[PDB]
Structure formats: C-alpha cells, structure tokens
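Comments concern the structure below.
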Amino acid sequence: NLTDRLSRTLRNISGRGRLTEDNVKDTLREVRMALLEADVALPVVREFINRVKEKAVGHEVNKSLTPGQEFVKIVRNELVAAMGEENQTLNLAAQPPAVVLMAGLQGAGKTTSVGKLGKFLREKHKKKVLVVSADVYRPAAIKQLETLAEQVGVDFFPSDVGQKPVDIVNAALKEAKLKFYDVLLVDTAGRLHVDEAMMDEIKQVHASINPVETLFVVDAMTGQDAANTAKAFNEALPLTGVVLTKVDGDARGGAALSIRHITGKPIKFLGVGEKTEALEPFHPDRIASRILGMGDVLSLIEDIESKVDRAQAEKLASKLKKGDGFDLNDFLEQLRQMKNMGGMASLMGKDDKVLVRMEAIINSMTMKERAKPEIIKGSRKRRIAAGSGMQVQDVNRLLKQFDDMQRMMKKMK
Amino acid sequence: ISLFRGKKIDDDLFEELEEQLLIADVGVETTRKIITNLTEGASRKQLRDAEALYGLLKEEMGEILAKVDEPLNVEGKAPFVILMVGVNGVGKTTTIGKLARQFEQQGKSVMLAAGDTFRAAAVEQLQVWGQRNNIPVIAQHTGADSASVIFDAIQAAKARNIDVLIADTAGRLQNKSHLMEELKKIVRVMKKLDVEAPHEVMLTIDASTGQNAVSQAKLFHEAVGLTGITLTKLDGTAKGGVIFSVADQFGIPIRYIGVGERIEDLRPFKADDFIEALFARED
RNA sequence: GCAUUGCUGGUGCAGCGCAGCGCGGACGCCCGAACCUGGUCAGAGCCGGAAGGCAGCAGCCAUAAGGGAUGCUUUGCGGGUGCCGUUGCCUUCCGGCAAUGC
Ligand SMILES: Nc1nc2c(ncn2[C@@H]2O[C@H](COP(=O)(O)OP(=O)(O)CP(=O)(O)O)[C@@H](O)[C@H]2O)c(=O)[nH]1
Ligand SMILES: Nc1nc2c(ncn2[C@@H]2O[C@H](COP(=O)(O)OP(=O)(O)CP(=O)(O)O)[C@@H](O)[C@H]2O)c(=O)[nH]1
Ligand SMILES: [Mg+2]
Ligand SMILES: [Mg+2]
Numbered sequence: 373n374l375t376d377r378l379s380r381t382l383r384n385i386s387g388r389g390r391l392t393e394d395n396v397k398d399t400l401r402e403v404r405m406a407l408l409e410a411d412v413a414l415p416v417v418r419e420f421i422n423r424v425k426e427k428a429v430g431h432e433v434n435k436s437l438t439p440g441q442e443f444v445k446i447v448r449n450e451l452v453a454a455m456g457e458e459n460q461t462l463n464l465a466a467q468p469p470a471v472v473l474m475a476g477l478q479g480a481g482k483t484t485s486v487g488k489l490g491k492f493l494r495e496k497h498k499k500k501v502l503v504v505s506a507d508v509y510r511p512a513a514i515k516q517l518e519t520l521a522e523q524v525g526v527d528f529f530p531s532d533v534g535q536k537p538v539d540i541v542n543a544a545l546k547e548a549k550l551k552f553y554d555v556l557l558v559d560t561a562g563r564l565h566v567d568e569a570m571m572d573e574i575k576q577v578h579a580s581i582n583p584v585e586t587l588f589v590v591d592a593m594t595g596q597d598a599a600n601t602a603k604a605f606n607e608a609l610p611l612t613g614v615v616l617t618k619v620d621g622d623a624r625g626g627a628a629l630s631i632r633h634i635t636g637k638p639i640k641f642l643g644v645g646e647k648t649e650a651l652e653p654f655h656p657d658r659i660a661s662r663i664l665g666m667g668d669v670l671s672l673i674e675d676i677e678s679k680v681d682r683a684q685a686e687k688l689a690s691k692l693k694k695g696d697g698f699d700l701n702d703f704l705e706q707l708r709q710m711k712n713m714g715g716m717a718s719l720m721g722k723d724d725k726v727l728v729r730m731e732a733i734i735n736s737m738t739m740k741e742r743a744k745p746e747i748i749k750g751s752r753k754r755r756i757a758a759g760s761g762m763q764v765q766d767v768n769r770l771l772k773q774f775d776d777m778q779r780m781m782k783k784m785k
Numbered sequence: 016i017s018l019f020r021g022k023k024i025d026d027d028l029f030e031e032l033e034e035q036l037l038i039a040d041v042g043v044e045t046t047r048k049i050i051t052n053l054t055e056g057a058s059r060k061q062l063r064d065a066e067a068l069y070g071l072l073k074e075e076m077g078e079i080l081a082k083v084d085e086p087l088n089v090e091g092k093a094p095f096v097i098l099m100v101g102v103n104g105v106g107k108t109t110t111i112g113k114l115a116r117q118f119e120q121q122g123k124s125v126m127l128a129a130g131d132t133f134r135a136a137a138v139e140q141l142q143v144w145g146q147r148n149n150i151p152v153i154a155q156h157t158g159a160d161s162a163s164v165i166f167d168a169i170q171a172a173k174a175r176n177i178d179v180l181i182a183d184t185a186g187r188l189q190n191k192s193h194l195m196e197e198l199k200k201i202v203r204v205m206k207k208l209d210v211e212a213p214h215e216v217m218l219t220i221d222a223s224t225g226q227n228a229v230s231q232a233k234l235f236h237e238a239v240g241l242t243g244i245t246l247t248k249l250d251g252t253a254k255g256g257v258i259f260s261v262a263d264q265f266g267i268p269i270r271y272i273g274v275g276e277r278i279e280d281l282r283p284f285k286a287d288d289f290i291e292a293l294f295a296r297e298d
C-alpha cells in the first residue's frame, strides 16, 4: 500500500519521548495475542501485563529504536527472570539415602523421566540409584520401569499390583538404606487433581517417605488447564522442582511460565525425546524466546543495539587514545589556522619557505605516523621524502622541531 | 452459568464471556470468530436479555459440531482396520481397550495389534487389555518393525475371520519427520493386503492439550489422513475447547470421548451435551 | 498346549547408501597491504624559453596474501554416530499363514 510506507516511517522515527500507554496499547495487543496462542493461562497473562506496565513507564526510556520495540525488551527481560531466578537448580544429595518423589497427571512422562534421571545421577553425578513404582493401576507400569532400570544400569525395586502403594514406598526406603543407596527414585501412578481418593494416596505417600525433592512432571503442550493443575498440586503437596516433558515438540510451551508463576517452584529438568539420553538441565533463556514466538523483532533489536554498542566504543577509544593532548594531527591543524591568516607571523614577529615545506612532509605521513612519531624509522623516513620531494634530513629536521614542541606543551599547557 | 442470569448486557459482560471462552483453550482465531457472530446476532434480533446470550452461544457452538457429528460404523468390512495415531501419552492404548469392549457390546469379533514396538512394556500393556476383554493380540518383542507387525496382524485378522481389528502405534510428535514417514510406512504395507485398509485413522487427543492440537491434527492429517478423533482425559477440569478450532479447520469427525481409566468410562460423542458440560459450574 | 516341515516377514549381524555430527577446503559475505598492487592523485617535487607534461606520498575507492562471524549451498575425509533405505547372510531370538504328530 501507498500509506504503508508513510505509516512505517512515522513509527520507525526515534522516540525520545517517555514510554507511555499511547505507544504501548497498539503493540501490547501483539504480546497478549502471542501469549494466549503460546498456551499461557489468563490469571498469569493478566497479572504479567500489569507487571510490565510498572517497569515500562518507570524511567526505562531509550532515545533510539521504535517505541513499540523498546518495550519488547522489558517483556523479554522480565520473562527470563520470572521463569528462572536461579539457573540449573539440581537435586539435593547432601543428606542420607535421598528420596525423589515423582507426581503429576495421567501420562505426563513420569516413568520415562525416572529412567532419564537414572542415567543423569548414575553417569554425570555417579550415585547409587534405586528405582521403585507405586503405579499399581496402569497395565504393566511396573514392568515398564523394570526395563528402563535395565537400560540405564540402575537397581530396580520389585513390586506387585496386589501390593498397597503406601506399603511399597515404606518398604522401598527400608531396602534403600540397608544397601546405602544414594538416591531413591519413586515413580507413582497417573493422578487427576479432581479425584479426592488418589490425591489422598500421594499425600500419604509424601508423608510415609520424606522426599528431599518432590518433582512435579507436566506436559509442555498442556493449555489453560495448567492453572487448575498447578494450584491443586502445590496446595496438596509441598513441591520442590518441576519436570517439563515433550519440549522437543513444536508446541510453544506456555504452561512452563504458567507452572513457575502459580507454584513458585523452579523448573529443574527438560525432556527432549523418548530416549534415555533425552534429559537436559533447565535453562530459561532458551524457553523464554520459544514462548514469545516473535523472534524476527528480537533478532533486529539485538542486531541494532550491537551496531550502536560497537560504534559508541570505537569513537570513544580513539578519543581516549588522542587524550594525551598533542600529536602531528594537532600540529597540522595549527599550520592551516596560521596560513588562513592574511597578515602572517613573518610580519607580526620581528623563513616563509620553511612553513610551506613543513606542511607537505606531515601531509605525506599516515594516520599512525601522525598519532605516534616514534614509529617513524629507516624505511618509513625514506618513504616520506620520496613522495614529498624533500630529503631524509628534511623529515629528520621536522621531527626534531615537533619533539621540542610536545616537551614545551607538557611543561606549560 | 447461573451468575449470568442476574446481569445486564454491556461491554463488561461480553469481556466476562470472552475470558470464560479462552479459559477452555478454544483459541484466539476461534474465540473472536464466535464473538463476531454474537455481536452481529445481538443486533439482528436486538435482544437485551441475559437468557439469550447462553442460548445463542450453544446454537453457534452446536452448529460447528453439527458438521462433525458422524458416528463410527465398523460393520460391513471384514476385517475393519482402525489405525490409532497421536502424540506421546494421550491415552491411545487405553482407548483401544475401551473401544474393543464397545464393539463386543455391538456383537462384532475384535482382534488387536501391538504396534508400539519402541516404548518399554507397550506390548505387555496392550496384552493386559486383550486379557481384560478375552480378545487375541498379535504381538512381537519390542524392537521389531511396527509396519510389518500390523501387516502380520491383518494377515491373522483375515485368516481367523475377525470383524474389527484395532492397530496400535508408538507415541510420535508431528515434528519428528522420521517417525512421521514411519507412520506413512505403516499404511503403505497395509495396502498390500487391502487397498481400502485402514478403514479408519483414529487420532487420540488429550483434553488438557492446548494450541498444539492445531498442528497435531494438521500434520497427522497431512501425512496419513485422519478420519476419526477421540477426545480423552475429559473427566478432569480440562474442557478441551480446542476441538472447535480443529473441526472448523480440518473437519475430521469426532468418534468417541474418554471419561476415565476404567473400560466402561467411554461414551460416543454427542454435540448438544458437550456444550452443557463446557460451562459446568460444579465442584 | 509342545515339536517337526513348507512358505513369508521382522529382528539380528555384515557390506554398500543416505541422514547426521566432527575436521579440512570451495563459493560468498565482512575486515584487510606505510613502502615493495592498481585507480584517483590534494599538498609538495621535477623537465622545458613558454605551452604543456612527467613522477608520486597521504587520503579515498578497489583488492592479492591472509584473517573473522556464518550458511534448506557445494565437496573431500572420519566415526564405542543412527525410531532410515537396501542387497547379502548365519547362529539363535520372535511373529504370520498352512500341513502333520503327542
Ligand atoms: N518426545 C518425548 N516423549 C516423552 C518425553 N517424556 C516422556 N515421553 C513419552 O511420553 C509417553 C508417556 O511417558 P511415560 O513415562 O509413560 O508417562 P507417565 O506419566 O509415567 C504415564 P502414567 O501416568 O500412566 O504413569 C511415552 O510414550 C514416552 O516415551 C519427552 O521429553 N519427549
Ligand atoms: N483420567 C484419565 N486417564 C486416561 C484416560 N485415557 C487414558 N488415560 C490414562 O493416561 C495414561 C496414558 O494412557 P495410554 O493409554 O498408555 O496412552 P498412550 O498414548 O498409549 C501412551 P504412548 O504414547 O506411550 O503409547 C494412562 O495412565 C491411562 O490410564 C481418561 O479418559 N481419563
Ligand atoms: Mg508411569
Ligand atoms: Mg500406547
């Protein structure tokens, strides 16, 4: 469109003015629509909009960049800190046989992550791991962990379907302490937070065995429901860590911001596949840019800032190096301001050929040679005379006069 | 729902309805498309009664699910093949156990196929569902080719004279292309015994899943060609309003709904009753 | 239910092949030579009686040698790579039809 090029230049213009709602309201709609499409719950979306507003207007105003692009930084930076206050919070193992309880909804990725946790604590942390299953509801859920234990090379605790889940976890720790196992990885069944019956089972199991780490496993693609899930699972169990699974998917993973907001418990692990190798320690910088979606905007903001940052440092470094006060660059500027005078020093101070010849010698020099007279030597002196049409003695004469000038400059002013 | 009766129609109540629509995971492009039909509908008849907004919403939502209301007809073919596809952990295997018992209820012989030859004890899991219904399960040890196993299950379903065969597959994420061309590879070897087979490509989608369901339907349909949808784990706080965006975009029919972990906890999809349960103010 | 036999299929090796990762080069982008590359040559230099030239330094532009960020691009090389493809094969492992026997 014809008005498209006109409207683009009006917004692209350097907004020196204070970051106010007038510029925000038009572009804040893009952020709210992306967050809802990312799958972030409304109580966290509505509270985060107000959280950004207090920081956006509050003395955080830039002269350069689009007004609707300098506020995106405030959205982006506050998203990273809200998601991961601490980077890589690993499972505590500074106590006797450590208990790691795994709880979440039906089919979140619990038993697989117990298996992926085994390889982590066995190869990267070298611990005596023991795996147990309290899932006596899902068909062959016990045999599932049994094969996963054989895969990593971790010892597995035997269990029946006839066995009570509360007695399994109680007798599991008994064998764990006896053989002095470093970590006791406890796997539980799929539990719906609505169900009073099994939600009472996990609470009783959390009481039966004191878990130093109560990891809440949740699917990365889970939508608005994560609000109801995070509330009930933290209000019933004292959680200490979140495990986000199926992060390898194309899903934005909006629940990750929804879980960290409501529970307040930090995300500790990320699953990137079905395999046992597929476990990564939590990092918010990566997942924050994945929830935002708009990367083509952030790719230019970080590219424009770098272009300015390199130019601001290079123009200041040259000024800090030339801060000594005198060099041949300043001496040449004195000659031209003197030649510009219609009366001349010859008639004022009571010889003319000397000044004209002196300008030509400094003119033939490089930028480096003018800034530092000490680098001029043998071949460097022969180069100046060849192009200037003077002699080796002429250049050497000029340099001696300049040396006495800087000695007189530093001694006075 | 009852709190809407004692309120006056304004821009504040429309914002109250939009936020209760978004909390169902319906979407942005799907929620604002209905609000455009509601704001137009409120001027068409010119009604300032609270009783109308609850009725108008049920009418337009029920119009979308009216296009996608066709039930599954497994009868006629022998063996009728139902290919179970979807992402990792949505209820695929459990749904087969629920399905096979509703077909035995209808009086049709059922056989099962253990196709998740990638996930640990998945053969063993489907084998328990076979024993729960007293149905034969064609299976091979985990690690074997899924496509070639389902092929041997069809060759068995034909020879043993079976009315319905439900074939299981592994949990696969739409972005994992190698696993997607593996799903295509399953159907390719299926056509070697029957060009009509698979007679159904049932996609299982978790009720709690968000806007991932959009690409979950898109890329699964683009690859194999979905003909069925089962909205499982709907028994919780999960409304699964994302199904309105799916039917409006691809038009794949919803066949059944998962409402529990037990065999009896499965019902065929009903359009009118689904809307009533969406705004259920219950504890 | 178990064995024998036929056919067929998967695993399982093994060899090619792809995908991939690592390292080396292309191509390209950006940076880039006081002088010993070129263009332009301010100032200044030179030849001639003048007119006119010649020579050429800085700067600036281009750019060998050579760096640097990186790439649904291209290739060579190598793998305690491989939810891929393929041919070949043997010991067992496991399936699918079919024939017999307890
Ligand atoms: N791609 C991918 N798949 C995952 C990840 N984590 C788990 N899975 C997969 O999701 C599915 C469910 O995993 P599982 O470990 O059985 O979940 P669960 O929560 O124990 C199931 P239940 O609630 O019945 O006990 C499996 O197919 C598994 O391979 C992940 O990070 N990425
Ligand atoms: N509460 C509830 N749980 C369900 C429903 N349908 C399935 N589940 C549960 O979800 C979990 C995963 O079910 P499963 O049938 O193994 O899913 P899947 O998609 O085959 C897993 P994979 O992708 O690994 O093969 C199981 O714990 C199961 O009992 C449902 O309608 N409600
Ligand atoms: Mg489990
Ligand atoms: Mg399954």
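Quick mapping for you: the protein sequence lines, in order, are chains A and B.
Just so we're on the same page, my numbering is the position in the first sequence counted from 1, plus 372.
Just so we're on the same page, my numbering is the position in the second sequence counted from 1, plus 15.
Ideal placement from N, C-alpha and C gives every residue a C-beta, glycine not left out.
* Asked: What's the gap between the Cα of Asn103/B and the Cα of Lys435/A?
  -> 49 Å
* Asked: For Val764/A, which residues from the same chain have a beta carbon less than 8 Å from its beta carbon, with the 5 sequence-adjacent residues on both sides left out?
  -> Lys753, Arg754, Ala757
* Just grab the DSSP bridge partners of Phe529/A for me. => None, per the DSSP bridge assignment.
* Minimum Cβ-Cβ distance from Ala67/B to chain A less than 8 Å -> no
* To do: Pull up the CB-CB distance for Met205/B and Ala238/B, whole angstroms please, since I reckon it's below 8 Å.
  => About 14 Å; that fails the 8 Å criterion.
* Sorry if obvious, but does the Cβ on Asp507/A come closer than 7 Å to a heavy atom of ligand 3? -> yes
* Asked: What residue range is occupied by the uninterrupted beta strand (DSSP E) comprising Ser485/A?
  -> Per DSSP, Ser485/A belongs to no beta strand (DSSP E); it is in the alpha helix (DSSP H), 482 to 491.
* Distance between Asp398/A and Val669/A (C-alpha atoms, nearest Å) -> 16 Å
* **Inter-stretch contact at 8 Å, needing at least 3 Cβ pairs: the region 643 to 656 of chain A / the region 458 to 468 of chain A** => yes
* Is there contact here, the region 585 to 603 of chain A with the region 625 to 644 of chain A, by at least three beta-carbon pairs under 8 Å? -> yes
* Delimiting residues of the beta strand (DSSP E) encompassing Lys640/A -> 639 to 643
* **Separation of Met126/B from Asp209/B, as counted between CA atoms** => 17 Å
* For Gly750/A, which option in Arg742/A, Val767/A, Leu407/A has the closest C-alpha, if you only look at C-alpha atoms? -> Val767/A
* Presumed contact (8 Å Cβ cut-off) between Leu437/A and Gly487/A, rounded CB distance -> Going by Cβ atoms, the distance from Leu437/A to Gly487/A rounds to 47 Å, so no, they are not a contact pair.
* Quick one: using the 10 Å Cβ neighbour count with 16 as the cut-off for buried, is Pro511/A buried or exposed? => buried
* To do: Compute the beta-carbon to beta-carbon distance between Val504/A and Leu556/A, rounded to the nearest angstrom, for a pair I have assumed lies under 8 Å.
  => 7 Å
* How many Å lie between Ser630/A and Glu90/B at the Cα? -> 45 Å
* Asked: Any idea if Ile385/A is buried or exposed, counting beta-carbon neighbours within 10 angstroms, 16 or more meaning buried?
  -> exposed
* So, is the C-beta of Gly481/A closer than 8 Å to a C-beta in chain B? -> yes
* Is the shortest distance between the beta-carbon of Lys248/B and the beta-carbons of chain A less than 8 Å? -> yes
* Find the nearest neighbour of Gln516/A within the set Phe95/B, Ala137/B, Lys191/B, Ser260/B, judged by alpha-carbon distance. => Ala137/B
* Answer yes or no: the CB of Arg134/B versus the heavy atoms of ligand 3, is any distance below 7 Å? => no
* Measuring only between beta-carbons, confirm whether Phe259/B sits less than 8 Å from chain A. => no
* Who are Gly243/B's beta bridge partners in DSSP? -> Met217/B
* Check distances from the C-beta atoms of the region 207 to 236 of chain B to those of chain A and list, in chain order, the residues that come in under 7 Å. => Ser223, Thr224, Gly225, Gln226, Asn227, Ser230
* Exposure label - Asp131/B; buried when at least 16 CB within 10 Å -> buried
* Quick one: Cα of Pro86/B to Cα of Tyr69/B, how far? -> 27 Å
* To do: Run the proximity test for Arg418/A: is its beta-carbon closer than 7 Å to any non-hydrogen atom belonging to ligand 2?
  => no
* For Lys23/B and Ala135/B, the rounded distance between their alpha carbons -> 57 Å
* May I ask whether a heavy atom of ligand 4 can be found less than 7 Å away from the beta carbon of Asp221/B? => no
* Residues of the region 503 to 517 of chain A whose Cβ lies closer than 9 Å to any Cβ of chain B, in chain order -> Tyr509, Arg510, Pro511, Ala512, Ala513, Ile514, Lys515, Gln516, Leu517
* To do: Tell me where the alpha helix (DSSP H) around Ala627/A begins and ends.
  => 627 to 634
* Check each residue of the region 599 to 618 of chain A: if its Cβ is closer than 9 Å to any Cβ of chain B, include it; give the result in chain order. => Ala599, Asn600, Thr601, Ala604, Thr617, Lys618
* Residues bridged to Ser124/B [DSSP beta-bridge criterion] -> In DSSP, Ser124/B forms no bridge with anything.
* Per DSSP, cross-strand counterpart(s) of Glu457/A -> Answer is none; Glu457/A lacks a bridge partner.
* Identify which residue in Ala650/A, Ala743/A, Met716/A has its Cα closest to the Cα of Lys691/A. => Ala743/A
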